[PDB]
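Colleague: This is the structure I want to talk about, given as structure tokens.
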Protein chains: 2
Amino acid sequence: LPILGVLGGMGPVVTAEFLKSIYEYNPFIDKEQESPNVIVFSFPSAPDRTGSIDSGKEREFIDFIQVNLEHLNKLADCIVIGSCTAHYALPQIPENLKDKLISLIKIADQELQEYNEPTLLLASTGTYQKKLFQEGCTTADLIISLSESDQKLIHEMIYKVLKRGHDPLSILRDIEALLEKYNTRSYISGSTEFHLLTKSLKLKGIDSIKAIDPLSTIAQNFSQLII
Amino acid sequence: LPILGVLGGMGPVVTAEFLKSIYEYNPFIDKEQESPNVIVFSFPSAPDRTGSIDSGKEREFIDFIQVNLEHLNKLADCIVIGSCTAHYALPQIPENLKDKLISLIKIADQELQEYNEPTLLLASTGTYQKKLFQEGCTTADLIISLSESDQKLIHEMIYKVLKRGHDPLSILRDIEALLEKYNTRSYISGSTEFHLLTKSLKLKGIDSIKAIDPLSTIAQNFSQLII
Ligand SMILES: N[C@@H](CC(=O)O)C(=O)O
Ligand SMILES: N[C@@H](CC(=O)O)C(=O)O
């Protein structure tokens, strides 16, 4: 049976919610034995991803990812790293440990190709500095980049509200204002913590905003993707 | 740093919620790097626990638990099996693979000793047939046992409502009636799926019912317990 391995804890709140999403969007018919098989390494002790870029110590962070990719390679058939920023480490990791990897950047790119309208990348100065989406996506010309100021506001929302487990709807007004400012009805979850916003929007039936949210997509398409 | 290993998927919904509880009751102060380190094996493909008792095939189930205890022994410092019924397998597992195990039966027993009033065991004919609580608890004389009829009603709630991700508050009226019938203000989560009820009661501020819920306790006391 196909096992998904999740390298998460980046952050832990969104990692737990992602595991919840997997079973929410893959409810069984008769027996639980149908449901997704998942291994989650939720290690918050991973060095901060943006923090490792802003200081010297990217080597420390790449080692964390490399060791845990070795573990999950043996245990799982497909692997997801529960942080977009964390994907910056991948050029340094050997090709053999990335065969089973499903890239959050690629999953985003696929959904944006289908959607085919301009979309606001919500991230994370670290993700922006590393240019993961601009360098990774075939659809890069459909990605609207936040200004440096609004990147810092998004960083504040992530760390002050989302990573702390607070109600993701509390930032919805600020997100709507950004969406209006940049003249778009959609966002990309460039930070995985926007999985938490995306879920709260779907729960309240707010369908005015189009969320290109890789973790939602992975959860929804688990049976198709996990081979 | 201390790692909790969770052998779950029994069921998957409650396993995901348990991981959520860990980070809800251990919010960080400054940095995420403070937060609990957790490995979750969520394998719904484990044979049904009551089902393995009601047919011949307990050996199949004990093997599942044994193999995954070997995995988690190498990876984690403490281990929890996210099913009370599943603890029936432990007499057959070698002593070396259970050194790091935190028993849900024992955690329940500890809380019931402190609470020291009669309490209704909610389970699971399989858990009742195996007598895990009656044989495991020093506080067995404080455990009120459901009749065989009400055991089947509890089984219906677990499988028809709780394991399917439906609103746990939908069974609250039936649970209050049982609590009144058996003349008590407290229950034990003899099934781990009552972690889901316990959370919904705490969320709505309903403090009339005392929930002896091992997964809540483990989440709350993570720093104390996980060594
Ligand atoms: N979860 C965020 C930041 C982090 O890795 O902590 C991201 O995917 O960019
Ligand atoms: N989670 C329930 C039943 C199961 O194992 O599926 C219990 O702990 O008894």
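Identifiers for the structure tokens are assigned positionally: chains receive A, B, ... in sequence, residues are indexed from 1 per chain, and ligands are indexed from 1 in the order shown.
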Running DSSP on the backbone, which parts of region 127-226 of chain B land in helix (DSSP H, G or I), as a PyMOL selection string?
Modeller: chain B and resi 127-130+132-136+140-142+148-162+168-181+194-203+214-220+222-225
Colleague: As a VMD selection string, could you give me every residue of chain B near chain A (at most 8 Å apart, counting only C-alpha atoms)?
Modeller: chain B and resid 9 11 to 13 16 to 17 19 to 20 23 to 24 27 to 28 32 to 48 163 to 165
Colleague: Could you write those residues out with N, CA and C atoms, as an mmCIF file, in the first residue's frame?
Modeller:
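Saved result, selection.cif, follows:
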```cif
data_model
loop_
_atom_site.group_PDB
_atom_site.id
_atom_site.type_symbol
_atom_site.label_atom_id
_atom_site.label_comp_id
_atom_site.auth_asym_id
_atom_site.auth_seq_id
_atom_site.Cartn_x
_atom_site.Cartn_y
_atom_site.Cartn_z
ATOM 1 N N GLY B 9 -3.312 5.877 13.252
ATOM 2 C CA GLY B 9 -4.187 5.436 12.180
ATOM 3 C C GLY B 9 -5.301 4.535 12.695
ATOM 4 N N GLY B 11 -8.330 5.254 15.063
ATOM 5 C CA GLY B 11 -8.429 5.601 13.643
ATOM 6 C C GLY B 11 -7.609 6.814 13.208
ATOM 7 N N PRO B 12 -7.609 7.106 11.890
ATOM 8 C CA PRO B 12 -6.842 8.237 11.346
ATOM 9 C C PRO B 12 -7.338 9.621 11.759
ATOM 10 N N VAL B 13 -8.657 9.791 11.884
ATOM 11 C CA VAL B 13 -9.230 11.095 12.235
ATOM 12 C C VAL B 13 -8.723 11.530 13.610
ATOM 13 N N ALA B 16 -4.956 12.425 13.729
ATOM 14 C CA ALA B 16 -4.652 13.761 13.230
ATOM 15 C C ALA B 16 -4.992 14.815 14.275
ATOM 16 N N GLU B 17 -6.125 14.635 14.937
ATOM 17 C CA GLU B 17 -6.566 15.552 15.985
ATOM 18 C C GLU B 17 -5.632 15.532 17.205
ATOM 19 N N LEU B 19 -2.376 14.890 17.119
ATOM 20 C CA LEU B 19 -1.215 15.687 16.708
ATOM 21 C C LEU B 19 -1.497 17.188 16.799
ATOM 22 N N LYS B 20 -2.719 17.579 16.454
ATOM 23 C CA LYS B 20 -3.161 18.959 16.612
ATOM 24 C C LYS B 20 -3.176 19.363 18.092
ATOM 25 N N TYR B 23 0.262 20.381 19.759
ATOM 26 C CA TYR B 23 0.700 21.760 19.537
ATOM 27 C C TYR B 23 -0.272 22.810 20.072
ATOM 28 N N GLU B 24 -1.557 22.473 20.183
ATOM 29 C CA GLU B 24 -2.517 23.362 20.866
ATOM 30 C C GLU B 24 -2.214 23.559 22.355
ATOM 31 N N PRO B 27 1.815 25.500 23.108
ATOM 32 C CA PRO B 27 2.174 26.633 22.260
ATOM 33 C C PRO B 27 3.540 27.180 22.651
ATOM 34 N N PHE B 28 4.355 27.517 21.659
ATOM 35 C CA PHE B 28 5.666 28.125 21.905
ATOM 36 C C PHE B 28 5.553 29.564 22.444
ATOM 37 N N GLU B 32 9.208 28.605 17.252
ATOM 38 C CA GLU B 32 8.699 27.243 16.975
ATOM 39 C C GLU B 32 9.630 26.139 17.415
ATOM 40 N N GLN B 33 10.928 26.425 17.410
ATOM 41 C CA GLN B 33 11.965 25.458 17.747
ATOM 42 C C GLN B 33 11.791 24.885 19.170
ATOM 43 N N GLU B 34 11.037 25.591 20.016
ATOM 44 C CA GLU B 34 10.623 25.088 21.328
ATOM 45 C C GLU B 34 9.661 23.882 21.286
ATOM 46 N N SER B 35 8.837 23.791 20.236
ATOM 47 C CA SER B 35 7.647 22.932 20.229
ATOM 48 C C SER B 35 7.959 21.426 20.180
ATOM 49 N N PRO B 36 6.994 20.578 20.603
ATOM 50 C CA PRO B 36 7.167 19.115 20.628
ATOM 51 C C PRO B 36 7.642 18.475 19.323
ATOM 52 N N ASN B 37 8.571 17.537 19.423
ATOM 53 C CA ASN B 37 9.028 16.748 18.283
ATOM 54 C C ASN B 37 8.309 15.405 18.262
ATOM 55 N N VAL B 38 7.627 15.126 17.152
ATOM 56 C CA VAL B 38 6.682 14.020 17.073
ATOM 57 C C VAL B 38 6.847 13.282 15.745
ATOM 58 N N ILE B 39 6.858 11.953 15.813
ATOM 59 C CA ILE B 39 6.784 11.096 14.638
ATOM 60 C C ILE B 39 5.442 10.383 14.705
ATOM 61 N N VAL B 40 4.653 10.469 13.635
ATOM 62 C CA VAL B 40 3.340 9.825 13.567
ATOM 63 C C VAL B 40 3.326 8.816 12.423
ATOM 64 N N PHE B 41 3.118 7.541 12.760
ATOM 65 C CA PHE B 41 2.789 6.505 11.782
ATOM 66 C C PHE B 41 1.268 6.399 11.778
ATOM 67 N N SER B 42 0.611 7.039 10.815
ATOM 68 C CA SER B 42 -0.843 6.937 10.676
ATOM 69 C C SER B 42 -1.172 5.910 9.601
ATOM 70 N N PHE B 43 -1.344 4.665 10.044
ATOM 71 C CA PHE B 43 -1.614 3.537 9.168
ATOM 72 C C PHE B 43 -3.018 2.974 9.396
ATOM 73 N N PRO B 44 -4.037 3.550 8.732
ATOM 74 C CA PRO B 44 -5.382 2.966 8.782
ATOM 75 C C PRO B 44 -5.469 1.520 8.290
ATOM 76 N N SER B 45 -4.576 1.121 7.385
ATOM 77 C CA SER B 45 -4.487 -0.265 6.885
ATOM 78 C C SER B 45 -4.213 -1.351 7.941
ATOM 79 N N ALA B 46 -3.868 -0.955 9.172
ATOM 80 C CA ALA B 46 -3.892 -1.866 10.327
ATOM 81 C C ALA B 46 -5.244 -2.559 10.378
ATOM 82 N N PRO B 47 -5.268 -3.887 10.614
ATOM 83 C CA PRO B 47 -6.571 -4.576 10.715
ATOM 84 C C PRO B 47 -7.421 -4.016 11.857
ATOM 85 N N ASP B 48 -8.746 -3.932 11.676
ATOM 86 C CA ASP B 48 -9.636 -3.459 12.757
ATOM 87 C C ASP B 48 -9.357 -4.250 14.041
ATOM 88 N N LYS B 163 -15.342 8.179 13.868
ATOM 89 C CA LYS B 163 -14.319 7.764 12.897
ATOM 90 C C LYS B 163 -14.527 8.385 11.506
ATOM 91 N N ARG B 164 -15.766 8.786 11.202
ATOM 92 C CA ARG B 164 -16.115 9.405 9.920
ATOM 93 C C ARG B 164 -15.912 10.913 9.877
ATOM 94 N N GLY B 165 -15.374 11.499 10.944
ATOM 95 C CA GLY B 165 -15.074 12.930 10.962
ATOM 96 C C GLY B 165 -16.257 13.844 11.199
#
```
Colleague: Go through the chains and note each residue within 7 Å of ligand 2, using only C-alpha atoms and all ligand atoms, then give the set as a count of residues only.
Modeller: 16
Colleague: Can you pull out every residue within 12 Å of residue 225 (chain A), counting only C-alpha atoms, but drop anything in the same chain fewer than 4 positions away, and send it as a VMD selection string?
Modeller: chain A and resid 2 to 4 36 77 to 80 100 to 103 107 217 to 221
Colleague: Separation of atom 7 (C, counted along the ligand's line) of ligand 1 and CA of residue 180 (chain A), in Å?
Modeller: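 Answer for the atom 7 (C, counted along the ligand's line) of ligand 1 to CA of residue 180 (chain A) separation: 23.3 Å.
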Colleague: Residues within 10 Å of region 173-177 of chain A, please, as a CSV table (one decimal) with N, CA, C and O atoms, in the first residue's frame. Count only C-alpha atoms; anything in the same chain fewer than 6 positions from it doesn't count.
Modeller:
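Output (part_6.csv):
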```
chain,number,residue,atom,x,y,z
A,122,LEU,N,1.9,34.8,-1.8
A,122,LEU,CA,2.1,35.1,-0.3
A,122,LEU,C,3.2,34.3,0.3
A,122,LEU,O,3.1,33.1,0.3
A,153,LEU,N,4.8,42.5,5.9
A,153,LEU,CA,3.5,42.3,6.5
A,153,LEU,C,3.0,40.9,6.5
A,153,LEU,O,2.4,40.4,7.5
A,154,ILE,N,3.3,40.2,5.4
A,154,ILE,CA,3.0,38.7,5.3
A,154,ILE,C,3.8,37.9,6.3
A,154,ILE,O,3.2,36.9,6.9
A,157,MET,N,2.1,38.3,9.6
A,157,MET,CA,0.9,37.5,9.7
A,157,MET,C,1.2,36.0,10.0
A,157,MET,O,0.6,35.3,10.8
A,183,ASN,N,-4.7,43.7,-7.5
A,183,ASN,CA,-5.7,43.6,-8.5
A,183,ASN,C,-5.9,42.1,-9.0
A,183,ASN,O,-5.6,41.8,-10.2
A,184,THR,N,-6.3,41.3,-8.1
A,184,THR,CA,-6.4,39.9,-8.3
A,184,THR,C,-7.4,39.2,-7.3
A,184,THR,O,-7.7,39.8,-6.3
A,185,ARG,N,-7.9,38.1,-7.7
A,185,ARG,CA,-8.9,37.3,-6.9
A,185,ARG,C,-8.3,36.0,-6.4
A,185,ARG,O,-9.0,35.2,-5.8
A,186,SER,N,-7.0,35.9,-6.5
A,186,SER,CA,-6.3,34.6,-6.2
A,186,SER,C,-5.0,34.9,-5.5
A,186,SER,O,-4.3,35.9,-5.7
A,187,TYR,N,-4.6,33.9,-4.7
A,187,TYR,CA,-3.3,33.9,-4.1
A,187,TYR,C,-2.7,32.5,-4.2
A,187,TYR,O,-3.4,31.5,-4.3
A,197,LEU,N,-5.2,29.4,6.3
A,197,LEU,CA,-6.2,30.3,5.8
A,197,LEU,C,-7.1,29.7,4.8
A,197,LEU,O,-8.3,29.9,4.9
A,208,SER,N,-15.1,33.6,-3.1
A,208,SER,CA,-14.6,34.8,-3.9
A,208,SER,C,-13.1,34.8,-4.2
A,208,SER,O,-12.7,35.3,-5.2
A,209,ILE,N,-12.4,34.1,-3.3
A,209,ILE,CA,-10.9,34.0,-3.4
A,209,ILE,C,-10.5,32.6,-3.9
A,209,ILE,O,-10.9,31.6,-3.3
```
Colleague: Counting only C-alpha atoms, what is within 8 Å of residue 121 (chain B), bar same-chain residues fewer than 4 positions away, as a list in words?
Modeller: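 With the cut-off at 8 Å, the set is residues 143, 144, 145, 146, 187, 188, 189 and 190 of chain B.
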Colleague: How about saving the chosen residues, C-alpha atoms kept, as a PDB file, in the first residue's frame?
Modeller:
```pdb
ATOM      1  CA  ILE B 143     -14.804   2.161  36.745  1.00  0.00           C
ATOM      2  CA  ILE B 144     -18.505   1.783  35.929  1.00  0.00           C
ATOM      3  CA  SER B 145     -18.921  -0.773  33.128  1.00  0.00           C
ATOM      4  CA  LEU B 146     -21.489  -0.236  30.418  1.00  0.00           C
ATOM      5  CA  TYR B 187     -16.301   9.252  31.487  1.00  0.00           C
ATOM      6  CA  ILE B 188     -13.119   7.463  30.527  1.00  0.00           C
ATOM      7  CA  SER B 189     -12.182   7.542  26.855  1.00  0.00           C
ATOM      8  CA  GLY B 190     -11.874   3.738  26.593  1.00  0.00           C
TER       9      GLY B 190
END
```
Colleague: Quick one: residues within 12 Å of residue 54 (chain B), only C-alpha atoms, excluding same-chain residues fewer than 2 positions away - as a ChimeraX atom specification?
Modeller: /B:47-52,56-58,125-127,129-130
Colleague: Could you check how far CA of residue 132 (chain B) sits from CA of residue 172 (chain B), in Å to one decimal?
Modeller: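 Answer for the CA of residue 132 (chain B) to CA of residue 172 (chain B) separation: 25.0 Å.
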Colleague: Tell me which protein, DNA and RNA residues are within 12 Å of residue 114 (chain A), counting only C-alpha atoms, leaving out same-chain ones fewer than 6 positions away, and put them as a PyMOL selection string.
Modeller: chain A and resi 107-108+138-139+142+212
Colleague: Go ahead and write the residues just picked, C-alpha atoms, as a PDB file, in the first residue's frame.
Modeller:
```
ATOM      1  CA  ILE A 107       2.203  21.343  -7.441  1.00  0.00           C
ATOM      2  CA  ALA A 108       1.558  25.108  -7.284  1.00  0.00           C
ATOM      3  CA  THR A 138       6.601  27.480 -15.921  1.00  0.00           C
ATOM      4  CA  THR A 139       3.784  29.901 -15.032  1.00  0.00           C
ATOM      5  CA  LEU A 142       1.267  34.764 -13.946  1.00  0.00           C
ATOM      6  CA  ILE A 212      -3.600  27.934  -5.094  1.00  0.00           C
TER       7      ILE A 212
END
```
